[PDB]
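> Structure in structure tokens, see below.
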There are 4 protein chains.
Amino acid sequence: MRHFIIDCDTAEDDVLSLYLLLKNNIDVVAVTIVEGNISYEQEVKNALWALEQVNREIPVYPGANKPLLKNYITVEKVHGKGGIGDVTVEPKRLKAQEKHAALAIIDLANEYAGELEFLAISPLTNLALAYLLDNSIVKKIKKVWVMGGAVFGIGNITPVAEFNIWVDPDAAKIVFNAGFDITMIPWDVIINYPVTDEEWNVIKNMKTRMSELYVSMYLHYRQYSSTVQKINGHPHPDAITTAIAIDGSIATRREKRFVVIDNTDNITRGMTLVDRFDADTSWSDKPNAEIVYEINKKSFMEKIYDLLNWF
Amino acid sequence: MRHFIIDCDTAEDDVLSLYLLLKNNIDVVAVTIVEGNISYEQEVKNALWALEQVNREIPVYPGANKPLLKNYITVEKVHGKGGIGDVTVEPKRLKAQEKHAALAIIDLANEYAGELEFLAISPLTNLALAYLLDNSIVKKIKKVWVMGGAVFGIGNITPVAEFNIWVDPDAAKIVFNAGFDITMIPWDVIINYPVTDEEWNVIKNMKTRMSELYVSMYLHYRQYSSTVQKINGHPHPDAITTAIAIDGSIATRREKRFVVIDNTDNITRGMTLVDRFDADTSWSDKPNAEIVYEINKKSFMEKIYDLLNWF
Amino acid sequence: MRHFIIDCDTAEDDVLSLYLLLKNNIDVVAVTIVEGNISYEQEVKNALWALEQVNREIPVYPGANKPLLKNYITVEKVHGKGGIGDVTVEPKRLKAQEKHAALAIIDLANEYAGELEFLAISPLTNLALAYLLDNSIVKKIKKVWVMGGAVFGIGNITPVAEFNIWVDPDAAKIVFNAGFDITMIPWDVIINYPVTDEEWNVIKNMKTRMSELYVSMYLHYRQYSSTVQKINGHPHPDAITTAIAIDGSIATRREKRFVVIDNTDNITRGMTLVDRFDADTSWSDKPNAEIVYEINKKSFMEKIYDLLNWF
Amino acid sequence: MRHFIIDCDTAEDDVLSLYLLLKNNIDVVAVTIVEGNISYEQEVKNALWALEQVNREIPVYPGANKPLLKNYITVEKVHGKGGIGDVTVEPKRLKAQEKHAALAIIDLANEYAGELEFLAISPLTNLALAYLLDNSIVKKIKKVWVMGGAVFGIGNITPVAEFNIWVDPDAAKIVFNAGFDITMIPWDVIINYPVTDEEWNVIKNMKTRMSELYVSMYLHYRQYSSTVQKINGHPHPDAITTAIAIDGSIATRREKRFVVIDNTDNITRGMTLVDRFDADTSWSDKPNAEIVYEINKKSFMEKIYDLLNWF
Ligand code: NA
Ligand code: NA
Ligand code: NA
Ligand code: NA
């Protein structure tokens with residue numbers, strides 16, 4: 001059995017990623033919450049509410065509510081006030097744990113030493129804080145699956161940077177320098193694989209509780225993604241990362257490269273600068289991340305349709 | 001009649017660009033020399049020698065031999081010691097002018113006010129110095145055709161930056177902020193259109209003086225480009241820029257965008273950061289450059305074969 | 001009764017500062033250890049050994065052994081391999097606690113809420129980590145006494161920066177932005193008040209255990225300070241800070257100003273940039289630190305002689 | 001005979017510096033104008049008008065009207081709209097030369113090779129541009145006398161930077177790296193030597209044309225300097241620099257040190273960072289400037305009273 005922590009700035013694609021793991025009988029041992037997409041206290045409530053819909057009592061540990069050093073902005077314009085459109089949900093029964101996410105990560109890394117996997121689909125503040133307190137988690141965590149970066153400089157939050165890295169580039173720099181086994185899925189790869197109008201219409205006609213929930217959660221994000229980002233539909237940054245974590249054959253091209261995080265407050269803040277070892281100069285010959293450059297869209301969407309037929 | 005200055009850090013593709021203009025009856029009013037690809041004094045001699053092969057006495061004005069502020073490196077590993085392989089040519093009769101290129105640019109902008117075009121296929125130091133001395137050249141020069149940048153961060157001199165901009169990013173920043181009418185051809189566009197083994201073999205069998213010269217001038221560059229940069233053949237960064245300046249239909253996709261030059265001494269030195277007006281934040285809504293994103297390869301190579309049949 | 005944590009990159013002046021507090025019946029509730037002056041594991045042993053000489057069993061909590069983000073250098077050339085010259089001491093009985101200093105700071109801030117004082121005579125990594133995990137410590141800690149900075153740009157570790165801030169300028173920036181009640185004693189103030197040859201000779205003739213220990217601990221530092229830094233004797237950066245914490249009248253000039261920490265990796269790394277509200281432009285009108293600009297040397301040395309007569 | 005160019009962002013202390021040279025029979029071969037203190041076209045008119053009051057026809061060459069790269073602000077709040085209070089003077093007869101100051105500097109460096117001295121009491125843009133066009137001026141100019149910097153980080157335009165360097169720190173970096181023989185007079189040295197109320201009253205009672213002109217030109221600057229900068233009277237940054245150029249014994253302490261110019265757009269823009277070779281690390285052991293740290297106030301004021309008795 002595989003054991004995962006999922007780290008969430010909880011909006012629509014975080015909820016769907018949690019569900020992809022659970023639907024597929026992956027052991028989710030904790031959900032950790034970090035600043036990012038929407039108001040932090042609503043992110044905590046979103047996760048608790050999400051667990052209730054699937055009858056689970058997995059602990060939710062609130063973590064950092066701001067970056068280590070930098071200021072950031074939430075993006076409720078992108079995801080809705082509640083992260084799933086403008087509805088702001090509230091759990092009926094479940095309550096957040098008191099312990100800080102960074103301390104929970106250390107405890108869980110000990111309990112599941114050598115087998116724990118970390119699904120880093122959000123800003124990296126909690127993982128950085130856990131590392132800073134206990135450097136031994138680099139061996140104890142088997143694998144870090146990172147949704148982050150823009151490896152061709154086609155960013156979302158700025159023209160050249162991706163949101164998760166940009167929110168806390170100091171935390172990202174710490175994580176990328178620590179020695180974790182990282183596989184990274186960039187924004188400017190996943191935008192090549194949007195959910196098309198044809199696919200969206202198929203989902204709207206499924207009429208299961210899950211398909212209805214997906215339509216409800218994604219409508220606002222789809223409108224924004226199409227109108228502002230000029231994406232032909234909506235993207236699945238976190239759900240693609242999660243699908244590859246579950247089934248690695250969904251990734252069809254990977255390269256091990258050396259990634260530098262820009263942690264300045266300059267215009268280049270949050271950029272992922274990638275040495276491919278093919279230029280006239282080089283920064284390092286030691287790769288620190290396996291980067292996914294292509295996926296099998298058909299295989300990915302098969303996992304999504306399977307999830308939406310759950311109930 | 002069109003009137004051009006060509007600004008050269010003279011290596012193989014600068015020589016071929018000069019010849020493309022001359023073969024095609026474009027009036028080249030001066031050649032200006034700038035630091036870059038190889039030793040500066042050999043760059044001056046290369047240009048004088050090149051003019052001799054085609055019976056012209058166009059003036060050659062030596063300009064800047066170092067960037068405004070930064071240190072740089074020459075790349076004789078890429079182009080050969082002489083910029084056309086390891087041969088180091090010497091003109092028999094022609095001599096360089098005494099006047100600094102920046103002063104010649106100002107004089108020529110006055111003589112050809114409203115019609116002068118500037119083919120900026122090299123680091124931008126001379127054009128920047130001319131602007132700094134006389135800001136009025138922004139109207140007097142009709143068009144600046146720039147070979148420069150990496151708009152997907154796929155660089156040559158560093159992993160993320162292109163050579164011409166990286167050599168003198170202060171000069172580039174001055175040029176991009178001045179208000180010139182700029183059309184820019186990036187490195188990470190032109191590398192999609194290498195001269196293939198099939199095309200190279202056709203050229204090797206042509207047996208004209210020009211085809212023999214092309215083979216001689218490009219052999220070293222082709223070996224390096226294939227082995228280090230992993231290009232399938234060799235690229236034509238300057239000759240593509242020149243071909244588009246002559247015949248704009250060679251460019252098949254263009255976008256007007258806002259380009260920021262990174263002029264730090266940090267790892268991101270020399271990057272061209274491009275706002276496409278499609279992100280959650282934006283730096284400016286005022287474009288400053290028309291960027292070429294695609295070309296017609298067949299049309300471009302037709303111009304090259306035509307040139308090689310000259311004599 | 002006043003209650004203090006003392007945070008040490010333990011070398012000679014940290015030992016003397018601990019003793020100044022204890023000699024004078026200030027309640028020291030913990031010693032916390034941070035990276036800085038010498039090898040981290042020897043810093044832990046130095047503190048344990050120091051407590052043994054005065055019959056105390058105060059807990060010692062090892063904290064960060066490296067900066068949050070940056071690389072740093074130890075300075076055993078300045079303080080000796082063991083921080084008190086080249087002797088490397090070892091406690092006979094006392095052992096370090098297991099709990100991380102940052103977690104101990106949070107616990108102690110709760111136990112002594114509203115009365116706890118923090119003597120920050122070292123790099124600020126532990127206090128920053130404690131804040132990041134629990135922001136409420138800003139009210140619970142009554143006062144932070146900081147030895148740090150160079151307010152006229154007369155640095156020690158670099159020409160323009162002071163060691164404690166330079167080692168971890170990210171941690172410093174976090175601390176200075178958090179909202180603590182800070183009084184700061186700069187390097188380029190304390191160097192105006194060295195222990196003179198006259199004073200040193202008086203100490204060498206005292207013949208108490210404490211005076212003999214002081215001579216032993218300071219000989220290497222005095223030689224280095226005089227030969228390299230060109231100080232006329234040796235300075236007491238931490239002991240002056242501590243003396244002012246005990247008796248505020250030792251400070252004879254203070255100003256509340258706005259301090260910005262340079263946390264770049266550029267040449268200005270670690271600078272404390274001070275807005276005095278007297279320039280043609282201003283960064284903020286909100287002070288964040290009370291800075292000590294002058295002391296009464298006679299009063300300070302009276303505290304030192306008193307300490308050396310303890311036993 | 002000594003031969004000088006004086007480079008002016010012409011306000012009150014530039015006018016007085018020109019007069020100090022002329023009163024004392026130093027050959028002023030040209031006045032060059034640069035962006036800085038007030039509107040550029042008024043700076044040109046100020047210089048022409050100033051020459052008329054002393055019956056000279058020395059050529060005035062307009063130079064740069066903006067920094068090489070950065071934006072800047074004028075400071076008419078400090079000097080008055082006209083740079084000498086709010087009066088905006090106009091020459092009756094003299095006209096500016098057409099030739100750019102940078103080209104005039106090169107011509108004059110050739111005409112007076114080995115003897116020309118450059119009084120750089122303003123932003124360094126013209127000298128940088130002249131160097132960039134002809135690097136040989138570094139030997140041909142005997143001496144550069146620079147009013148600039150803040151060597152204890154006590155700035156005027158920002159809390160930590162001095163105006164002349166801050167306006168164009170790229171130009172400053174070029175000048176300080178070129179190899180000129182530089183003696184530098186910092187802002188945070190000259191502010192120790194203001195014109196006191198006693199001295200001001202003596203001047204107000206002199207009743208010569210020059211004393212009346214001095215009172216008229218300095219009233220606005222004195223009010224501002226006292227109220228904002230908290231100076232006890234008004235300072236003479238340029239006139240002190242000029243006095244030392246004329247009589248070196250006015251400087252009573254000098255040190256040869258290594259000065260780095262901060263040419264970023266960060267908060268530290270325009271800082272002069274000085275390596276004294278006394279820190280635990282060092283940037284270079286090669287000095288590039290002789291810095292004046294103290295003057296004889298009595299000797300300086302004797303030169304001023306002598307000037308005011310001219311007519
Ligand atoms: Na997320
Ligand atoms: Na070129
Ligand atoms: Na310390
Ligand atoms: Na001036």
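Starting from 1 in every chain, residues are counted up; chains themselves are A, B, ... following the order of the structure tokens, and ligands are numbered from 1 as listed.
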Name the residues in contact with residue D:296 at a cut-off of 7 Å, using only C-alpha atoms, excluding same-chain residues fewer than 3 positions from it; report them as a ChimeraX atom specification.
/D:250-252,299-300
> For the residues in that selection, give me C-alpha atoms as a PDB file, in the first residue's frame.

```
ATOM      1  CA  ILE D 250      42.220  71.844   2.870  1.00  0.00           C
ATOM      2  CA  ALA D 251      41.776  68.039   3.096  1.00  0.00           C
ATOM      3  CA  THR D 252      43.190  66.884   6.445  1.00  0.00           C
ATOM      4  CA  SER D 299      40.961  77.204   5.728  1.00  0.00           C
ATOM      5  CA  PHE D 300      37.880  76.460   3.623  1.00  0.00           C
TER       6      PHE D 300
END
```
> Could you make a table, as a tab-separated table, of the residues of chain C that have an atom within 12 Å of an atom of ligand 3, each with its nearest atom pair and distance in Å to one decimal, counting only C-alpha atoms and all ligand atoms, in chain and number order?

```
residue	atom	partner	partner_atom_place_in_ligand_line	distance
C:6	CA	ligand 3	1 (Na)	8.9
C:7	CA	ligand 3	1 (Na)	6.8
C:8	CA	ligand 3	1 (Na)	4.5
C:9	CA	ligand 3	1 (Na)	4.5
C:10	CA	ligand 3	1 (Na)	5.8
C:11	CA	ligand 3	1 (Na)	6.9
C:12	CA	ligand 3	1 (Na)	8.8
C:13	CA	ligand 3	1 (Na)	7.1
C:14	CA	ligand 3	1 (Na)	5.3
C:15	CA	ligand 3	1 (Na)	9.0
C:16	CA	ligand 3	1 (Na)	10.5
C:17	CA	ligand 3	1 (Na)	9.1
C:18	CA	ligand 3	1 (Na)	10.4
C:31	CA	ligand 3	1 (Na)	11.3
C:32	CA	ligand 3	1 (Na)	10.4
C:33	CA	ligand 3	1 (Na)	9.0
C:34	CA	ligand 3	1 (Na)	8.4
C:35	CA	ligand 3	1 (Na)	9.2
C:36	CA	ligand 3	1 (Na)	7.5
C:37	CA	ligand 3	1 (Na)	7.4
C:38	CA	ligand 3	1 (Na)	10.2
C:40	CA	ligand 3	1 (Na)	12.0
C:43	CA	ligand 3	1 (Na)	9.9
C:47	CA	ligand 3	1 (Na)	11.3
C:79	CA	ligand 3	1 (Na)	11.5
C:83	CA	ligand 3	1 (Na)	10.6
C:119	CA	ligand 3	1 (Na)	9.3
C:120	CA	ligand 3	1 (Na)	7.4
C:121	CA	ligand 3	1 (Na)	4.2
C:122	CA	ligand 3	1 (Na)	3.5
C:123	CA	ligand 3	1 (Na)	7.1
C:124	CA	ligand 3	1 (Na)	9.7
C:125	CA	ligand 3	1 (Na)	11.9
C:145	CA	ligand 3	1 (Na)	11.9
C:146	CA	ligand 3	1 (Na)	9.9
C:147	CA	ligand 3	1 (Na)	8.0
C:148	CA	ligand 3	1 (Na)	9.6
C:162	CA	ligand 3	1 (Na)	12.0
C:163	CA	ligand 3	1 (Na)	9.6
C:164	CA	ligand 3	1 (Na)	7.5
C:165	CA	ligand 3	1 (Na)	11.1
C:167	CA	ligand 3	1 (Na)	11.4
C:236	CA	ligand 3	1 (Na)	11.0
C:237	CA	ligand 3	1 (Na)	8.8
C:238	CA	ligand 3	1 (Na)	6.7
C:239	CA	ligand 3	1 (Na)	9.8
C:241	CA	ligand 3	1 (Na)	10.6
C:242	CA	ligand 3	1 (Na)	11.0
```
> As a PyMOL selection string, could you give me every residue of chain A near chain D (at most 12 Å apart, counting only C-alpha atoms)?
chain A and resi 264-267
> According to DSSP computed on the backbone, where in stretch 80-265 of chain A is there helix (DSSP H, G or I)? Give the residues as a PyMOL selection string.
chain A and resi 101-111+125-133+137-140+163-167+169-178+187-190+197-204+209-227+237-246+248-250
> Skipping near chain neighbours, those fewer than 2 positions away, what residues fall within 8 Å of stretch 186-203 of chain B using only C-alpha atoms, listed as a ChimeraX atom specification?
/B:147-156,162,184,205-206,211,215,231-237,240,291-294,297,305
> Quick one: DSSP strand (DSSP E or B) residues in stretch 116-206 of chain B, as an NGL selection string?
:B and (116-120 or 141-147 or 182-185 or 195)
> Those same residues, written as a CSV table (one decimal), in the first residue's frame with N, CA, C and O atoms?

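out_18.csv, freshly written:
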```csv
chain,number,residue,atom,x,y,z
B,116,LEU,N,15.9,55.1,-43.2
B,116,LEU,CA,17.0,54.2,-42.8
B,116,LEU,C,16.5,53.0,-42.0
B,116,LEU,O,15.7,53.2,-41.1
B,117,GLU,N,16.9,51.8,-42.3
B,117,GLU,CA,16.6,50.6,-41.6
B,117,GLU,C,17.9,50.1,-40.9
B,117,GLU,O,19.0,50.2,-41.5
B,118,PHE,N,17.8,49.6,-39.7
B,118,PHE,CA,18.9,49.1,-39.0
B,118,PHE,C,18.8,47.6,-38.7
B,118,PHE,O,17.8,47.1,-38.1
B,119,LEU,N,19.7,46.8,-39.3
B,119,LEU,CA,19.7,45.3,-39.1
B,119,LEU,C,20.6,45.0,-37.9
B,119,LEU,O,21.9,45.0,-38.1
B,120,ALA,N,20.0,44.8,-36.8
B,120,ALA,CA,20.6,44.6,-35.5
B,120,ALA,C,20.7,43.1,-35.2
B,120,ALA,O,19.9,42.5,-34.5
B,141,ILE,N,15.2,56.7,-37.9
B,141,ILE,CA,15.3,55.3,-38.3
B,141,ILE,C,13.9,54.7,-38.4
B,141,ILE,O,13.1,54.7,-37.5
B,142,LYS,N,13.6,54.3,-39.6
B,142,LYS,CA,12.3,53.7,-40.0
B,142,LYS,C,12.0,52.4,-39.2
B,142,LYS,O,10.8,52.2,-38.8
B,143,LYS,N,13.0,51.5,-39.1
B,143,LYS,CA,12.7,50.2,-38.6
B,143,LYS,C,14.0,49.6,-38.1
B,143,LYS,O,15.1,49.9,-38.6
B,144,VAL,N,13.9,48.9,-37.0
B,144,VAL,CA,15.0,48.1,-36.4
B,144,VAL,C,14.6,46.6,-36.4
B,144,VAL,O,13.6,46.2,-35.9
B,145,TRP,N,15.4,45.8,-37.1
B,145,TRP,CA,15.2,44.4,-37.2
B,145,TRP,C,16.2,43.7,-36.3
B,145,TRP,O,17.4,43.8,-36.5
B,146,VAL,N,15.7,43.1,-35.2
B,146,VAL,CA,16.6,42.6,-34.1
B,146,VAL,C,16.6,41.1,-34.2
B,146,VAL,O,15.5,40.4,-34.1
B,147,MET,N,17.8,40.5,-34.3
B,147,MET,CA,18.0,39.1,-34.0
B,147,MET,C,18.3,39.1,-32.5
B,147,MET,O,19.4,39.6,-32.1
B,182,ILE,N,10.4,48.1,-33.7
B,182,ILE,CA,11.2,46.9,-33.6
B,182,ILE,C,10.4,45.7,-34.0
B,182,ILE,O,9.3,45.4,-33.5
B,183,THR,N,11.0,44.8,-34.9
B,183,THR,CA,10.5,43.5,-35.1
B,183,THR,C,11.7,42.6,-34.7
B,183,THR,O,12.8,42.8,-35.1
B,184,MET,N,11.4,41.6,-33.8
B,184,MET,CA,12.4,40.8,-33.1
B,184,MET,C,12.2,39.3,-33.5
B,184,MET,O,11.1,38.8,-33.5
B,185,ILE,N,13.3,38.7,-33.8
B,185,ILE,CA,13.4,37.3,-34.2
B,185,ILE,C,14.2,36.5,-33.1
B,185,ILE,O,15.4,36.7,-33.0
B,195,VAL,N,19.2,23.9,-41.0
B,195,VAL,CA,19.6,23.3,-42.2
B,195,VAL,C,19.9,21.8,-42.0
B,195,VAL,O,20.9,21.4,-41.3
```
> Residues near residue B:50, anyone? I mean within 9 Å using only C-alpha atoms, not counting same-chain ones fewer than 3 positions away, as a list in words.
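So, after excluding close chain neighbours, the residues are residues 15, 18, 19, 45, 46, 47, 53, 54, 56 and 91 of chain B.
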> Near residue A:95, within 10 Å and counting only C-alpha atoms, which residues show up once chain neighbours fewer than 6 positions away are dropped, as number ranges by chain?
A: 44-45, 48-49, 57, 59-61
> Now that the selection is made, can you save its residues with C-alpha atoms as a tab-separated table (two decimals), in the first residue's frame?

```tsv
chain	number	residue	atom	x	y	z
A	44	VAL	CA	-9.43	24.63	5.81
A	45	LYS	CA	-13.22	24.41	5.72
A	48	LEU	CA	-13.08	19.24	5.94
A	49	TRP	CA	-16.26	19.54	3.89
A	57	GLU	CA	-12.26	11.33	9.01
A	59	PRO	CA	-7.01	14.55	9.84
A	60	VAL	CA	-6.71	18.08	8.44
A	61	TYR	CA	-3.74	20.06	9.76
```
> Please identify all polymer residues within 9 Å of residue C:166, counting only C-alpha atoms, omitting same-chain residues fewer than 4 positions from it, and present them as a VMD selection string.
chain C and resid 72 123 149 157 to 158 161 to 162 172 262 to 263 269 to 271
> Output C-alpha atoms of each residue in that selection to a file, as a PDB file, in the first residue's frame.

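Okay, result19.pdb is ready:
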```pdb
ATOM      1  CA  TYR C  72      27.362  31.085   5.553  1.00  0.00           C
ATOM      2  CA  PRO C 123      22.015  35.012  14.055  1.00  0.00           C
ATOM      3  CA  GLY C 149      23.800  45.478  12.296  1.00  0.00           C
ATOM      4  CA  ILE C 157      32.093  40.029   8.273  1.00  0.00           C
ATOM      5  CA  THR C 158      32.025  42.129   5.073  1.00  0.00           C
ATOM      6  CA  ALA C 161      27.566  44.157   7.061  1.00  0.00           C
ATOM      7  CA  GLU C 162      27.622  42.776  10.606  1.00  0.00           C
ATOM      8  CA  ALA C 172      16.570  38.922  10.310  1.00  0.00           C
ATOM      9  CA  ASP C 262      19.124  43.428   2.787  1.00  0.00           C
ATOM     10  CA  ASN C 263      18.386  39.695   2.211  1.00  0.00           C
ATOM     11  CA  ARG C 269      23.834  41.070   1.722  1.00  0.00           C
ATOM     12  CA  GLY C 270      23.168  41.541   5.420  1.00  0.00           C
ATOM     13  CA  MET C 271      23.183  45.332   5.521  1.00  0.00           C
TER      14      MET C 271
END
```
> Quick one: residues within 8 Å of residue B:277, only C-alpha atoms counted, chain neighbours fewer than 4 positions away excluded, as a PyMOL selection string?
(chain A and resi 159) or (chain B and resi 257+282+285)
